[PDB]
Amino acid sequence: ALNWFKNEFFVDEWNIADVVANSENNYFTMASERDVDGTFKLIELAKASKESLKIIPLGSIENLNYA
Amino acid sequence: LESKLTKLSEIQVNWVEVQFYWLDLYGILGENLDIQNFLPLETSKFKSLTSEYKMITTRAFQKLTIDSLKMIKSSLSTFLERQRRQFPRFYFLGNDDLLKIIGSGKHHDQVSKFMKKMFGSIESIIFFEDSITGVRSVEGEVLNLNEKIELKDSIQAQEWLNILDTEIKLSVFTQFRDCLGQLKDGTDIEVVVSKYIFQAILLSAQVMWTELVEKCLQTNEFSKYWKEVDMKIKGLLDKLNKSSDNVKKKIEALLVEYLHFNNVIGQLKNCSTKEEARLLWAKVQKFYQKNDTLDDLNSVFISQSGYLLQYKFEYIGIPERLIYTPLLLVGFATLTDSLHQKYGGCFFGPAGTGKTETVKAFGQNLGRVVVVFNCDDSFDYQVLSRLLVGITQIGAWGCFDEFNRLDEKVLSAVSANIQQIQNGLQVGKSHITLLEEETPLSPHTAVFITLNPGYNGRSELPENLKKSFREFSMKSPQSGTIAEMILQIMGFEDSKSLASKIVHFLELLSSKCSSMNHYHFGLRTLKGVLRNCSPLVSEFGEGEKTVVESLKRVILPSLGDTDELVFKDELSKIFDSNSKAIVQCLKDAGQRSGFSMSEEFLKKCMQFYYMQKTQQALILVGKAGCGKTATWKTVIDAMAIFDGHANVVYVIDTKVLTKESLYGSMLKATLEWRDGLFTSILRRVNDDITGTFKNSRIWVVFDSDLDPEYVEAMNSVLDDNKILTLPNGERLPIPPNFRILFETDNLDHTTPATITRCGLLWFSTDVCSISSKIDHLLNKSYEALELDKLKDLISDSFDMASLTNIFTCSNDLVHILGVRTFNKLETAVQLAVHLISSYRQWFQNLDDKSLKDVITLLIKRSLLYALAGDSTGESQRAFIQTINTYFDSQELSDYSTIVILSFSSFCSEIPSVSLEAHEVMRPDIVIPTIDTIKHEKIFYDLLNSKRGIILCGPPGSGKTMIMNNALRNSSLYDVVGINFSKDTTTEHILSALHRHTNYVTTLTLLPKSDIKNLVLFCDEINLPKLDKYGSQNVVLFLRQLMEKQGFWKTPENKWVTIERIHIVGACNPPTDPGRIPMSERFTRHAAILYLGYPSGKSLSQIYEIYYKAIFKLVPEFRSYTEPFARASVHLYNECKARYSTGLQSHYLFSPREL
Amino acid sequence: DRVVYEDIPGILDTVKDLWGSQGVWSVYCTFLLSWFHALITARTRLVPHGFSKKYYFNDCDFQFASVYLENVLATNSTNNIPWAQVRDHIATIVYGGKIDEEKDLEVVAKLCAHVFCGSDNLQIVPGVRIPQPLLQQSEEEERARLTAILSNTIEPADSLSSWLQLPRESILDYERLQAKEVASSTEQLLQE
Ligand SMILES: Nc1ncnc2c1ncn2[C@@H]1O[C@H](COP(=O)(O)OP(=O)(O)OP(=O)(O)O)[C@@H](O)[C@H]1O
Ligand SMILES: Nc1ncnc2c1ncn2[C@@H]1O[C@H](COP(=O)(O)OP(=O)(O)O)[C@@H](O)[C@H]1O
Ligand SMILES: Nc1ncnc2c1ncn2[C@@H]1O[C@H](COP(=O)(O)OP(=O)(O)O)[C@@H](O)[C@H]1O
Ligand SMILES: [Mg+2]
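Here it is in structure tokens:
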């Protein structure tokens, strides 16, 4: 019954690839709960888009300067 | 003469340090050729320093140099980094050790000292006529190299170290090949044990076992091979009793492996079908061998669950082999699963389950020593990355024990580095880029982490880091199998039933005891029980008496009051069932120390001695002032008497010093390591320049609370690793004679990771009686000073029959700053003895009755001001009434005193005060009342008794006033004023004494003056705030000053001595807002005086004296002094009553307003 | 631009995603592993009944299980596939490594026994059935056959109970609580 509204009215859904492709912004923010990380989706998207990701974790001054 | 000797010793130490530094400099640059051209400016600086050192040496033979050398050490950082790059195992050595090993151009004996640091299982190198014959393991095993290494004079350390490293692998492979060929010839392993090293025999036996088991698996027969393995195990068990110690260790480890072989074959025999047998054989680890490889070191590979790993053929020695439990095999399987894709192995679960040991055993089975690191808060991103580039170049298997202890920022930051290492291993990258320098990546490296989640003060790994590790749960180990196999190996005739009884007893003790937080009865206590039962077979035999005695000696001291009865009942239910010299030595040590050997004290001393006999780290827990320090000091004295080994003790307070001062801190400006205090002590013990610590027992006592953040940095020290892993990479071993003591009052905040590692002694009640404590205190006070006649008078007057009822009556009083009456005896005894020794001058001109009455009056006064000195006026009156009734004796009243020997009162002691008009603004003026002179006299009497004084009372009561008024009329004491705040440190106290004291090396913090003592008046002592674990830095610092009489200097880790500095504290009631209760371990050392508000009549009299002094200016209104003062006092009282703290927080009124 | 990443709620959606993200027995084992991963990740959301705690299964576990399956199929060229070995390794080492409890290990082993039973006719869900590969198909033909099997599946409204083999009481409790929370939130959202 909860999903009936989505199945009835809205006839389209957007995944991460659709949001990245259909947005004019060059800056994106990703949020998730603890113990769930979605960087593999971004790596797969970069592989599909034939681009290169530079994975820079933050937390230290050396990584901040590198970033 | 003593000062001259101390100066000569300091000059000798400085000269020895300068000579060692110059010898290292001469070795690295001053002697070798073609080494001066790398850095020409540093070459010229080294030439100038060498010329200065030569001139100084010529002047001495006929400071600033050390400063210049230390300045040019920073110029040698790049050179040392390149030297570490040349031989990658130098990352485990310090800079001074690196200087020593490079500078040994022709000595070639300093490298055998650092074998243990660099290699982990080699303690020395066997030399023979300027050549290397072989290496010697830590356990004493001797490995002979295949070919002798020829050494020259121009050769330096790195290339001969590299060829020795390769020769060790070649020798291990050669011994393995010879042993495997001899086993293929058909001989039994009992003759092969006494020929080759343990690792070769282990690998050959494993290869033969897997080949024969696969042969038996080609068919469906296992009984013949199972019986053959059983006879082999019986043969090794028979050979165990008739072999040397080295062969004993070798046979024990082979027995572990053969018991695993027999277990696997027996499990395979009981399989119903072929598929179950095939699955079981695929699950267990198998040691195959390539027959077509032309490379020798890659010819043996290890298979488990399909995946393949390569044996490295690194020297292991004869390690303590672990019992093969099913959890161990599943852990090996998941480690192989993680390492197949070059990931990182990970184990998580509660402490004492076999995680670090499992990783080490996996490394040993894979033929390499696992280098284990103990992570800490100080491990920043740069330090951890330096450790990673140390272990990637070497190729060693790095285990990061306690990975939760890292900061969350560091855990997030090193995720890129760990992913880079994993990707470089997976894709075969030759060079990885870490810390902006391209370093080679050895294909043998791996990373392991063993976190312990679910504890306080531990971070959580981010998921982008946890996705790089394959974690496995290690919640429940199999203690039954471990106990059964260990008991079988040690020679116990009944092993299955005995191990089942041990495990059942431990389970029932865990289930039927009180729910205290320090009761952990897991795998570590079973290992301790077995390790204690191993020596006991000489005097008890391999049976049930041995295990019963071991269970008692391990578990009983850590139990409470009723838990001891539960232990005795359960030990009687499950199990069926001289020490004269040590007891005599203990009694002699107590007699020389002045203690009274009761049943409780002797029982605690026996428990301490028997538990330390096999345990290296101890915790002593009990009430404040229950007898912990006396216990371990008496036992150490008895140890020195009984064994003849001298004892050195280092009492360190853990929470007074910061971690950077305790362990150490890298200086980020120059990347230079600075030794802490415990690290400095350990390094001095390990180096042993003078040979003093060779045959002496070293005790390090941590006399403070068990902060997890402070103690879990020593996790690798406490457990079987016995290695202090520093951030810079140094691996300081713990000698067998180096023991660590933990003295604490509670275990509320400590973790099970610390309690389980250390043997624990619990003090349920005080170890001394009340009268025995009084007698010992009297003896100490007598020794601190006719004398024989006066000693009998005080002791006879201390009648215990009235004293016990006096103490019972005193227990009912209301005491501010609550201290047990067992702890207040020092004030009473020392004050009474000081008063007797003060009035001894006029004790030769009076009769015996007068002497008895004066002594009784002084003892009654001391008992009053000790037992009820921290109570209100009405309570003090009630207590003086009850001490008068509970003692013919001279009566002491509320104002009784002795003047110069006659008894008088305070009403005749009041001096007339006629203040001038202009003297009101002088802050040192005090109007003498009864309470003022009484408090002043008792404060001066307590301060002359060499005791700390804590003055308690409401604000504006007159604590600082009584301080200044008592100390103004004396030329023997100076006063320094320190006002504590919410955020006060030890550095503020030391800064307030920098202009008042002198540092003299006779170190000693003597007062600046020569005739006047110094009094440290600390105000608002409650104000310094607790940390997140509930401890005050300043309060423990002042407790250290009062009790131990000194402190450890943070920068040069040296001990000072406080000689003529007294401490007086001023505090408010703890019920006041913003005030916190201080620890009783500090308040135990200080006499407490309660200074209350003056009475309304007394306030009116004081301020009518003030108003008369004022109205001396206006003579026509001198008749209104009393109404004005009474009006002002009434106004103050009504303002105090009406406007309370409940309306506003700043509505605090005092006589300061008046 | 803000994107919140979370696991796909549906079971069939998870199977479709894991299948579209990718001899013939390797394809068959990958299909079975994708089904098993979807079922176990759907079971993880039921905190008090599906498991005894909150476990998170991610793409690394699927990658390791797939690598193990490929290694088993590569090293056993006799086509006597050790399904018991695969069951034990996946339920104990790959997916059961993080499992700290014992009943959860039992339910993971039962899920592996249901999915990786290696029978000719496998009823992984009450509607769909996965026949084993034949001896003359191709890789592309096998992929087409398995995606045709997946496409024809229609997920019933009680997939949290009928597909996971669970009693309906806890499923009804969980669904009722979630529906109540969402409906109350949108009721107080719609009133103003
Ligand atoms: N057997 C004994 N005979 C005489 N005096 C004893 C005996 N045992 C302990 N005492 C006395 O008990 C007092 C307090 O004991 P101790 O110094 O060992 O305290 P502690 O356990 O170190 O406490 P804290 O945490 O306050 O430092 C000492 O002054 C000591 O003289
Ligand atoms: N077969 C075995 N497996 C695991 N632990 C064992 C075995 N035999 C003995 N032990 C003992 O169990 C203890 C496990 O400690 P460990 O779990 O490694 O500490 P940590 O929890 O810090 O890693 C060790 O002291 C070791 O002596
Ligand atoms: N002879 C006296 N007897 C009692 N109280 C006095 C006498 N003379 C002054 N006082 C009051 O005692 C106060 C001293 O308070 P003070 O000691 O400074 O507070 P604290 O105890 O918090 O340091 C003075 O403000 C003064 O008003
Ligand atoms: Mg550990």
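Residue numbers (the entry's author numbering), protein chains in the order written: chain B, 3759 to 3825; chain C, 1433 to 1494, 1510 to 2024, 2030 to 2237, 2245 to 2346, 2349 to 2361, 2366 to 2467, 2471 to 2622; chain Y, 3893 to 3914, 3922 to 4091.
Ideal Cβ placement from N, Cα and C applies to all residues, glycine included.
Identity of the residues DSSP links to residue i by a beta bridge
| i | result |
| --- | --- |
| C:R2136 | Answer by DSSP bridge pairing: none, since C:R2136 is not bridged. |
| C:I2526 | C:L2473 |
| Y:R3894 | B:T3787 |
| C:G2116 | C:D2127 |
| C:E1996 | In DSSP, C:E1996 forms no bridge with anything. |
| C:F1968 | DSSP output for C:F1968 lists no bridge partner at all. |
| Y:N4020 | Y:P4030 |
Selected residue, minimal CA-CA separation from residue i, among the options
| i | options | result |
| --- | --- | --- |
| C:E1931 | C:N1542, C:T1772, C:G2046 and C:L2272 | C:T1772 |
| C:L2134 | C:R2191, C:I2093 and C:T2122 | C:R2191 |
| C:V2108 | C:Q2508, C:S1618 and C:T2331 | C:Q2508 |
| C:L2213 | C:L1433, C:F2194 and C:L2230 | C:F2194 |
| Y:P3947 | Y:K4079, Y:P4066 and Y:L4089 | Y:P4066 |
| C:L1706 | C:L1727, C:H2201, C:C1626 and C:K1674 | C:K1674 |
| C:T1781 | C:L1516, C:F1919 and C:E2488 | C:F1919 |
| C:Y1828 | C:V1816, C:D1635 and C:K1856 | C:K1856 |
| C:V2483 | C:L2458, C:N2490 and C:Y2497 | C:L2458 |
| C:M2091 | C:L2252, C:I1579 and C:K2065 | C:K2065 |
| C:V2524 | C:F2281, C:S1483 and C:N2463 | C:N2463 |
| C:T1886 | C:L1834, C:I2265 and C:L1912 | C:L1834 |
| C:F1493 | C:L1744, C:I2414, C:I1770 and C:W1447 | C:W1447 |
| Y:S3913 | Y:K4079, Y:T4085 and Y:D3958 | Y:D3958 |
| C:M2259 | C:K2232, C:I2226, C:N2282 and C:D2247 | C:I2226 |
Range covered by the alpha helix (DSSP H) that runs through residue i
| i | result |
| --- | --- |
| C:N1688 | Premise fails: C:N1688 is in no alpha helix (DSSP H) and is neither H nor E. |
| C:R1725 | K1721 to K1730 |
| C:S1785 | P1773 to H1787 |
| C:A2577 | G2564 to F2579 |
| C:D2312 | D2307 to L2326 |
Limits of the unbroken beta strand (DSSP E) element including residue i
| i | result |
| --- | --- |
| C:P2185 | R2183 to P2185 |
| B:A3779 | Premise fails: B:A3779 lies in the alpha helix (DSSP H), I3774 to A3779, not in any beta strand (DSSP E). |
| C:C1793 | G1791 to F1795 |
| C:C2417 | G2413 to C2417 |
| C:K1595 | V1589 to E1597 |
| C:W1447 | Counting along the chain, C:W1447 falls outside any beta strand (DSSP E), though it belongs to the alpha helix (DSSP H) covering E1434 to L1457. |
| C:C2486 | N2481 to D2487 |
| C:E2195 | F2190 to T2196 |
| C:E1570 | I1569 to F1574 |
| C:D2439 | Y2438 to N2444 |
Residue i: CB within 6 Å of a non-hydrogen atom of ligand 5
| i | result |
| --- | --- |
| C:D2172 | Of the ligands this structure carries, namely ligand 1, ligand 2, ligand 3 and ligand 4, none is ligand 5. |
Just jot down, in chain order, the residues whose CB lies closer than 6 Å to any heavy atom of ligand 4. C:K1802, C:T1803, C:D1848 and C:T1897
Length-filtered (3 minimum) beta strand (DSSP E) runs lying within the segment 1821–1908 of chain C: 1844–1848, 1878–1881, 1884–1887 and 1893–1898
Where are the alpha helix (DSSP H) runs, 4 residues long or more, that stay fully inside the segment 2139–2178 of chain C, in chain order? 2160–2163 and 2167–2170
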